[PDB]
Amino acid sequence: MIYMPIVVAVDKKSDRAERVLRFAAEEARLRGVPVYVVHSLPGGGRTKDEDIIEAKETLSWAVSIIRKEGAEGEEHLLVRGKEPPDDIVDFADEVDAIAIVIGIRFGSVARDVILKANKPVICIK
């Protein structure tokens, strides 16, 4: 009932995101836990409704990948007055993640997640 999920941070649909998702799904599957797929937006006046729609499509796509890979997945759109890396890091701590999976190209978001996470961070090319 109480598991430690794999947290995967997704920005957009891409081949890199798929690779990140498939690695995450294999971890989750091996450990018997779900994957939590996260996308962060600033909210407040900074977030349009158009932004929420695209994020939701990306997340819906991401979770379909996880599931197709034989893992349980859940979508979490974070709209919290935060920037992505703090959101990802705070989220991972809030759900007691086993690890955070992110794509790298570092990239600004990735470097702050690497440096600030209190969890293992798994970097996928």
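One-based numbering along the sequence shown.
- Coordinates are absent for 4 to 9 residues of the deposited sequence placed between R105 and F106.
- Look at the C-alpha B-factors of 49-57 and of 34-42. On average they run higher in 49-57.
- Higher mean CA B-factor, judged across 107-115 and 13-21 from the recorded values: 107-115.
- When the Cα B-factors of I124, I6, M1, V121 are read from the PDB record, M1 comes out highest.
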